[PDB]
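Trainee: My structure is below; once you've seen it, I'll send some questions.
Coordinate-derived values only; no laboratory data. Every residue, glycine as well, gets a Cβ built from its backbone with ideal geometry; the counts of neighbours run over all protein chains shown.
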Amino acid sequence: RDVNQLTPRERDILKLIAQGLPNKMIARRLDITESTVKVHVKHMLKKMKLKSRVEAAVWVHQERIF
Amino acid sequence: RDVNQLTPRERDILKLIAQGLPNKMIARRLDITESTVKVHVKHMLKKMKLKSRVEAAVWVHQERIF
Amino acid sequence: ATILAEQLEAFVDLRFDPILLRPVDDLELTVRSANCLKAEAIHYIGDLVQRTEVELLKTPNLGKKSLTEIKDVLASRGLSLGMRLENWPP
Amino acid sequence: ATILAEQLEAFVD
C-alpha cells in the first residue's frame, strides 16, 4: 500500500522518469542495460498496482504525498 | 507557451489529456474519429513544442492553479 | 363441512442458449485480453455476441491482434460478433 | 362424491 518501503532515491529517479525521460537516456545515465531499466520500470508498474504512469503521477502530485 | 492560449476546443482536449484518459477514450467521450484527436494533439505538440503529454500534464499540475 | 367438501373435490373433479451464459473463464483468452474485457464491463457472452466489431476496436487498449484472437476463438466455437438476440435475458 | 358434496351444500357457505 505504501510506496515509502521502496527507496526514496528510486522514487526521485521515477519522478524524473515521469518527467518525460526516455528509457535510452535512463540506461545511459544509470549505467545499466536497457533490459534492466525495463525490468525496473516493470517492477514499479506492478508494485504500485497501476496500469499506466499518468494516473499514478497525477495522484501523487494532487495530494503531494511525497 | 501558455495553456490558456488554447481554444475552448483545444482546452477540452488538453483537460481530457490531463485527466488521464487515453486518446481513443477521448475519441469515445467526444464522439469523434481518431483523426480529429490526432489533429488536435499534433497541433498541441507543434505549438507547445513538447515531446509527450505527460510533461504538459505534470506542468499543469505543478502550480496547483485549480 | 367446508373442510370435507373441499377435500372431496378431488373425487368429483378428476376421475435456450447455454453458451451465452458461459463464464468468461471458459473463453480461454489471453490474461491481458480477459482483464481488459472485464475492465470494459464485458463479463457475459450474451451481451458480447450482440456487440459489434468497431465497439471492440474502440476499446482503448485492445489492438487488431486482440480482435484477431477473439474472432479466431469465436469461429472455432461456431460464433462471431454482432448476433441479434430476442427475449433478453435468456 | 357428488351426492355427498350435494348434501353438504347447505353448510359449505
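Trainee: Mind checking which pairs have a first residue in region C:75-90 that is over 17 Å from C:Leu56 (Cβ atoms) and a second that is in a loop (DSSP other than H, G, I, E, B), Cβ under 6 Å, 6 or more apart or different chains?
Mentor: Within 6 Å, the pairs are C:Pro90/C:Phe16; C:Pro90/C:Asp17.
Trainee: Considering only residues of region B:25-41 that are of a type outside the set (A, V, I, L, M) and away from every other protein chain (no Cβ under 13 Å), which is surrounded by the most Cβ atoms within 10 Å (Cβ to Cβ)?
Mentor: Out of the qualifying residues, it is B:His40.
Trainee: Inside region C:5-26, can you point out the residues that are part of a helix (DSSP H, G or I) and under 30 Å from C:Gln50 (Cβ atoms)?
Mentor: Matches in region C:5-26: C:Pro18, C:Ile19, C:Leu20, C:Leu21, C:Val24, C:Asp25, C:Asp26.
Trainee: I'd like to verify a number: residues in region B:42-56 that are surrounded by 15 or more Cβ atoms within 10 Å (Cβ to Cβ) and either more than 14 Å from every other protein chain (Cβ to nearest Cβ) or touching a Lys or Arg at 6+ places or on another chain (Cβ under 6 Å) (or both), how many?
Mentor: Qualifying residue count, region B:42-56: 1.
Trainee: Can you pull out the residues in region A:1-24 that are over 28 Å from B:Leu16 (Cα atoms) and surrounded by 12 or more Cβ atoms within 10 Å (Cβ to Cβ)?
Mentor: A:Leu6, A:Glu10
Trainee: State which residue pairs qualify: first residue facing another protein chain (nearest Cβ under 7 Å) and inside region C:1-25, second residue in a loop (DSSP other than H, G, I, E, B) in any location, beta carbons under 7 Å apart, and separation of 6 or more residues or different chains.
Mentor: Close Cβ pairs satisfying both conditions: C:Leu8/D:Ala1; C:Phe11/D:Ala1; C:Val12/D:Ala1.
Trainee: Let me ask you something else. Going by the conditions given, is C:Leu29 buried (at least 16 other Cβ atoms within 10 Å of the Cβ), of a type outside the set (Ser, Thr, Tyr), out of contact with any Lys or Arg (no Cβ under 8 Å at 6 or more places or on another chain) and in a helix (DSSP H, G or I)?
Mentor: no
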